[PDB]
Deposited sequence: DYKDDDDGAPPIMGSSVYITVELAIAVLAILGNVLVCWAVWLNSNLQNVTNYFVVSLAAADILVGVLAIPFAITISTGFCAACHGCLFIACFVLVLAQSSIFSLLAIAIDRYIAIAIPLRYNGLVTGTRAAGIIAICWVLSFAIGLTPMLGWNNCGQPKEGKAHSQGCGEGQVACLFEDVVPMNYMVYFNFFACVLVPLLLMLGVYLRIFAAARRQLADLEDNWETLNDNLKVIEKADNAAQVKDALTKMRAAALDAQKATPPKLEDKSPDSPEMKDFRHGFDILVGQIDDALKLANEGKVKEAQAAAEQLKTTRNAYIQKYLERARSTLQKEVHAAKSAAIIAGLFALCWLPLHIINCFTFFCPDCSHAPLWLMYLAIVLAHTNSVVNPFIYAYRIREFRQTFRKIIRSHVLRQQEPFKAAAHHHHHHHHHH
């Protein structure tokens, strides 16, 4: 048996390394948002919320993890706080991730109302509630759902703890049914599945809005080709009737309104010519539609197409952040599941336990790199602060 202090030294060094990067990179996220007013959205108030969570992983949770791993003697309820605080920060991150996803769904589904419905004063109120909830969920073991009432007292006498003290060890004070049923299933897993559903709807609503754009556009010019080589006023009538409905449908800030005002007006004129039975001047009236289409309607088709692609790109960035949360945190939860559901199994070896803790802490480093690579306003603000 190698002296514990040697493997301890690898663990502590790595933890300290991670804390440094967690703090630095996430202090940069918060500086960027404060400086650049382009970055002050309700979306970014939640990303600053989870940057705060990540900062406190490095300043508090990682120091707590280092000391919990020693088994130091302590009063059991003080042990519980050291051991559970990180669950507060984990829960806060889940709420922030959930909020961002809901915000990005509102953005894409009802852009009309978004600015009305979502505002930075209520966002701040939502964030405070979420932290309070996060202390409640994460510090529930201290309200009585703990193992303090039954100390492993042979382990306490071996390390020579004083009376009322335990050897502070996570799986000794925190019950595993809390961790698996209440923490993992209800408080982590259920919210993640909800996130998964929100993102599914977002990509669905963007995909079928693009289809509706391209449908209305193809409806516009096929009707035109029908008008073109028509026979009577009755068929010209139909293919402008389908154009105008498609115009009003596609319509749903000043040069855009012109473009359609001319378009439906041009249609409307060809319509009455058709009704009065003059076919070929109804045709001729309908092909300067072609002029308005090229000068106006397709710059609308294109910049609307350009904006949906930005919103999907922004929603895929947010999705990556949530996915990396799940990746970094699931192994620990899965190991607790084995520990709890299979008492016939050998406990996961100690080195794997610490690999899983280290991997969960690593999540506190990744997000700043995700912003810098994937959202240009963040990346250029990062550059501006760094060089200055």
Problem - Deposited-sequence stretches lacking C-alpha coordinates, listed in sequence order - result: 1-7, 260-274, 411-433
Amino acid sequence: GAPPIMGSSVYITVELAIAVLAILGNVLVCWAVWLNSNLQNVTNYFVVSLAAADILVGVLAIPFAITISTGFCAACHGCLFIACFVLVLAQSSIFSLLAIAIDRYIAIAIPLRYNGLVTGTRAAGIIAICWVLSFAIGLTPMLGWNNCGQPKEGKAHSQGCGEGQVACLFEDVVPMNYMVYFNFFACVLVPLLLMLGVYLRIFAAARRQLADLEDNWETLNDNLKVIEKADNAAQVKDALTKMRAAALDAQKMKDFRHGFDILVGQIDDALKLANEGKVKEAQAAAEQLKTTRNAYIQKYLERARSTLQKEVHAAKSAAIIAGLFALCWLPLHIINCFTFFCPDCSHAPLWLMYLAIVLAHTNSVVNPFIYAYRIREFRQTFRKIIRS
From here on, numbers count along this sequence of modelled residues.
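In this text, rigid core is short for the largest set of C-alphas that superpose within 1.5 Å between two forms.
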Exercise for the section: Any chance you could tell me whether 226-234 or 185-193 drifts more in 8 other deposited structures of this protein, judged by RMS CA distance from this form after superposing on the core? Expected result: 226-234
Handout entry: Of 194-202 and 243-251, which departs more from this form in 8 other deposited structures of this protein by CA RMS after core fitting
Key = 243-251
Handout entry: Check: residue 257 without coordinates in a third or more of other entries
Key = yes
Exercise for the section: Higher average CA B factor in the deposited record is what I'm after, so tell me if that's 12-20 or 375-383. Expected result: 375-383
Problem - Mean C-alpha temperature factor, higher of 114-122 and 172-180 - result: 114-122
Exercise for the section: Please work out which residue in 143, 239, 73, 94 has the highest C-alpha B-factor recorded for this crystal structure. Expected result: 239
Fill in the blank from the handout: Of the residues 270, 87, 187, 82, the one whose Cα carries the largest B-factor in the deposited record is 270
Handout entry: residue 298 by Cα B-factor - lowest, middle or highest third of the modelled chain
Key = highest
Exercise for the section: Sorting the chain's modelled residues by C-alpha B-factor, tell me whether residue 162 ends up in the lowest, middle or highest third. Expected result: middle
Completion exercise
Assert third(CA B-factor, residue 259) within chain per record equals highest
Exercise for the section: Give the position of residue 150 by CA B-factor within its chain, expressed as the lowest, middle or highest third. Expected result: middle
Completion exercise
Split the chain's modelled residues into thirds by Cα B-factor; residue 217 lands in the highest
